[PDB]
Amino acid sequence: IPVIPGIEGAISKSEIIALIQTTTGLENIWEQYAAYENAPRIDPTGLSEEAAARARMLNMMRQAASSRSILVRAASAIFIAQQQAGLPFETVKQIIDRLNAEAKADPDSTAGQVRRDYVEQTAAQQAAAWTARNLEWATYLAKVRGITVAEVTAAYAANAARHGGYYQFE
């Protein structure tokens, strides 16, 4: 594992994300776990105390490599960094909670850029799912609107991104 300079004096979730980014030199702070893409989960129950902790750490890497949520991925990676650097233990829910706040306080920070990318991603998944549920409805809309079917999916995603991830009628 690469060493994180002063990971122990980081005061905010945004500053932690930015530290991992500069020291690994990777687009997003979870690319380093790519080997664990689609790894089977591990049942830690019954194992020795030591084995159980190692399995929880491996299962957290599987989450950072696999989760369908950018917010889960970012928080998992931050979890792993805090554990390796012996930072005070906080759960993945606490991490997400703290960076949900730091993004509302300043949407331009690293937390905020992360939330924006999570909303945009959720909006795209919502759009694809809706499309695949109402294939004929999307096609009817493309015909009438004089556009392609994918351009219709894109309009849904534009709408959903404007309202925190989910479609709402304007």
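Start at 1 and count along the sequence shown; that's the residue number.
Asks: If you average the Cα B factors in the entry, which is higher, 159-167 or 1-9?
Replies: Looking at the record's C-alpha B-factors, the answer is 1-9.
Asks: So which stretch wins on mean C-alpha B-factor, 60-68 or 47-55?
Replies: For C-alpha atoms only, the mean B-factor is higher in 47-55.
Asks: Ordered by C-alpha B-factor within the chain, which third holds residue 153? Give me lowest, middle or highest, please.
Replies: Tercile = lowest for this residue's CA B-factor.
Asks: Split into thirds by Cα B-factor across the chain's modelled residues, where does residue 87 land: lowest, middle or highest?
Replies: Highest third of the chain for residue 87's C-alpha B-factor.
Asks: Using the B-factor values recorded in the entry, state whether the Cα atom of residue 26 falls in the lowest, middle or highest third among the modelled residues of its chain.
Replies: Its C-alpha B-factor belongs to the highest third of this chain's values.
Asks: Going by what the PDB entry lists, where does residue 38 fall on CA B-factor within its chain: lowest, middle or highest third?
Replies: It falls in the top third of the chain.
Asks: State the tercile, meaning the lowest, middle or highest third, of residue 114 with respect to the CA B-factors recorded for its chain.
Replies: Tercile = middle for this residue's CA B-factor.
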